[PDB]
Amino acid sequence: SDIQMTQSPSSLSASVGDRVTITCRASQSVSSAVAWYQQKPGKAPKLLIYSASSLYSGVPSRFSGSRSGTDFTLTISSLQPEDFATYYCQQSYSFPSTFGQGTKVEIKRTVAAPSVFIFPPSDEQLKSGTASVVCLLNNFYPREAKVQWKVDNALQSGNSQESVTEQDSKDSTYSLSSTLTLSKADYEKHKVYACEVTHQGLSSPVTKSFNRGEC
Amino acid sequence: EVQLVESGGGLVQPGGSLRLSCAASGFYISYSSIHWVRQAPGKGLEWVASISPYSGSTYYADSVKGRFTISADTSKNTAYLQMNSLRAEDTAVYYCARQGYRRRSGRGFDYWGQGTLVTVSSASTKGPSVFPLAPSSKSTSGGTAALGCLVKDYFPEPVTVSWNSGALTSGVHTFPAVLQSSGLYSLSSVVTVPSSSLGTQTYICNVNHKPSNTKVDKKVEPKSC
RNA sequence: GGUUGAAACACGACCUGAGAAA
């Protein structure tokens, strides 16, 4: 039975200057052979704390680790705009080494309403036999949002895919794209193509729509 | 400067073999423990294997024991990860990490490489079809317009999208790839620009899918209506 | 076992200990 590292919470949204605490509980004794890492999206992890409580060279002193038996905590005293990433704990007391599931720290900002855009499929794509209708939600917060596709007032389900960006580095907002995919035979049997968007930053759902060939 | 450079990744069939390399510079691997740590797309780090500096002792995660073999060539200052009997579960970005010096960093991994992407699938490579997301507004609407490109039906990851040959970087949003039901990836890359820029500014999306050796530049223009 | 030697095991040294402890 190898060692487990239960990291909690899996994610948290905090503001600049906040005091955040990430905890890791080892399923058995790992002494103090626990390390903490910081990983930016698309980049390699960076060593922050080694030996449970020792600060790695070059890491600012706002990061700190502590041990309480089998409980290990990573603490950022005052959150900085560059401290927002995913943090991992790792035990190296015995092989196999194991990492915690990670904790993504995102910046909490004020609520922002999404700017909604609808795009009809280009003339080139129906020549290929497939139609993709894209609905864009640009620069909103928080990330949670409801995107519904309605064609001739008929609700769609199971034929659209959603994709959300990471939190933007400038305005700390999210962007969402919903792509309704239909065949040319199914695309031309309908007229109205509407994208309904519901978000807490909006007083009511916003609807961007178009018709086939309506300019 | 102390650095680790992974290589040897790519697309491989399930059950096939792949040998990853980790070229080290600025230090000698013979005095350090070298570890392999992978990260499946959108998940956390998972320790894979390690090799001890002076004894050559090797250790492996339970999910890779017997299939994987880690080794080091001190004369080449390079570590290796021989991967055999590859499964779809092995699809991940593979990092090689130097375990720091004991007195200076305990057992923490003080240096990581950029990582190499390993994709285990029987799916064939396929270049993407790029379709334009034409802006609806006009050059004189007085607002901000939104345009983009639809990078559809490609395999495997990754694909890169730039606008106006990297000259346009403000307001661009390149969404993460989503795996469609057909098994091919698809994503959109959009950008918000002033409506007054239409006509004075041209907008070219540059799509580069290196695994399939496809480079496509699609011109996104206001639709002729 | 601990500490260390660029060093989790193996190896060298040191420490504890009847013994580094199969």
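Residues numbered from 1 in each chain as written, not as in the entry; some residues may be left out. Chains lettered and ligands numbered in written order. Heavy atoms only, no water.

By the method listed in its record, X-ray crystallography, this PDB entry was determined to a resolution of 2.07 Å.

**A word on the interface of chain A and chain B**
Heads up, the condition is: Contacts are residue-level and defined by heavy atoms, with any inter-residue pair within 4.5 Å sufficient. Accessible area that two parts lose when put together, with a 1.4 Å probe and added across both, is what the buried area reports. Any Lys or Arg side-chain nitrogen located within 4 Å of an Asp or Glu carboxyl oxygen qualifies as a salt bridge. We define a polar contact as two N or O atoms separated by no more than 3.5 Å, with the added condition that, inside protein, one atom must be a possible hydrogen donor and the other a possible acceptor, whereas residues neighbouring each other in sequence contribute only through side-chain atom pairs. We count a stretch as a helix when DSSP gives it H or I for four or more residues in a row; a strand needs E for two or more, and each element gets its number in order from the N terminus. Under the convention adopted here, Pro, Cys and the residues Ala, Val, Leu, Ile, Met, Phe, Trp and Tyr are nonpolar, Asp, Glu, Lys and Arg are charged, and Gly plus all remaining residues are polar.
At the interface, 42 residues of chain A touch 49 residues of chain B. For the pairing of chain A and chain B, the buried interface totals around 3600 Å² over both sides, and the portion due to carbon and sulfur atoms is 63%. For the chain A face of the interface with chain B, the top three residues by lost area are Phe95, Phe99 and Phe119 of chain A, together amounting to 15%. At the surface where chain A touches chain B, the tally comes to one salt bridge. One salt bridge connects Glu124 of chain A with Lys218 of chain B, and the closest N-O pair in it is separated by 3.1 Å. Linking chain A to chain B there are 12 residue pairs in polar contact. Of all the secondary-structure elements, those providing two or more residues to the side of chain A that touches chain B are β4 (34-39), β5 (46-50), β9 (86-91), β12 (115-119), α1 (123-127), β13 (130-140), β16 (160-164) and β17 (174-183) of chain A. Examining the composition of the side of chain A that touches chain B, we find that five residues originate from one element, β13 of chain A, more than from any other. Broken down by class, the residue content of the side of chain A that touches chain B amounts to 20 nonpolar, 17 polar and five charged.

**A few points about empty space enclosed by the protein**
A probe as big as a water molecule, rolled over the atoms, marks out the empty space that is left. For the record, the criterion: Put simply, the grid is 1 Å and covers the protein atoms alone, a cavity is a trapped set of points that fit a 1.4 Å probe, a pocket is an open set with protein on both sides within 12 Å along at least five of seven lines, and lining residues have an atom within 4 Å of a point. Grid points are joined across faces, edges and corners, and a volume is the space filled by probe spheres set on the points.
Following the criterion strictly, the structure yields one cavity of 30 Å³ or more and no others. Here the largest cavity defines a volume of roughly 100 Å³. The set of elements that each furnish at least two residues to the lining of the largest cavity consists of β16 and β17 of chain A together with β13 (144-154) and β17 (185-194) of chain B. Residue composition of the lining of the largest cavity, by class: five nonpolar, eight polar and two charged.

**With respect to the side chain of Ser195 of chain B**
All names here are of chain B. Of note, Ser195 is situated in the loop between β17 and β18 (204-209). Within the local environment of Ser195, its side chain forms a polar contact with the backbone nitrogen of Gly142, the two atoms lying 3.2 Å apart. At 2.7 Å, the side chain of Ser195 forms a polar contact with the backbone oxygen of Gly143. Those residues within four positions of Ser195 in sequence are excluded, and the remaining contacts are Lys138, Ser139, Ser141, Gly142, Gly143, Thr144 and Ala145.

**Describing the protein's contact with RNA strand C**
Going by this rule: Think of it this way: one heavy atom of a residue within 4 Å of a molecule or strand is enough to make that residue near it.
By nearness alone, 18 residues border RNA strand C, and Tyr31, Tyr54, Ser55, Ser57 and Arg102 of chain B come closest of all. The contact in question runs from a base nitrogen of RNA strand C to an N or O atom on the side chain of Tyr101 of chain B, over 3.4 Å.

**Some points on the domain arrangement of chain A**
For interface size, the figure often reported is the accessible area lost on association. All names here are of chain A. Threshold: These domain limits were set by an automatic method or by a database of domain assignments.
Along its sequence, chain A is organised into domain 1 (5-108) and domain 2 (115-210). The C-alpha centroid of domain 2 is placed 37 Å from the C-alpha centroid of domain 1. Between domain 1 and domain 2, the residue contacts involve six residues of the former and six residues of the latter. Interface of domain 1 and domain 2: buried area, both sides summed, is about 470 Å²; carbon and sulfur atoms make up 36% of it. When the buried surface of domain 1 facing domain 2 is broken down by residue, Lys104, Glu106 and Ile107 rank first, second and third, together holding 75% of it. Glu106 is the salt-bridge partner of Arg143, the closest N and O atoms lying 3.0 Å from each other. Linking domain 1 with domain 2 are three residue pairs in polar contact. Among the elements that take part in the side of domain 1 that touches domain 2, strand β11 (residues 103-107) stands out by supplying three residues, more than any other. Of the residues that constitute the side of domain 1 that touches domain 2, the class distribution is two nonpolar, one polar and three charged.

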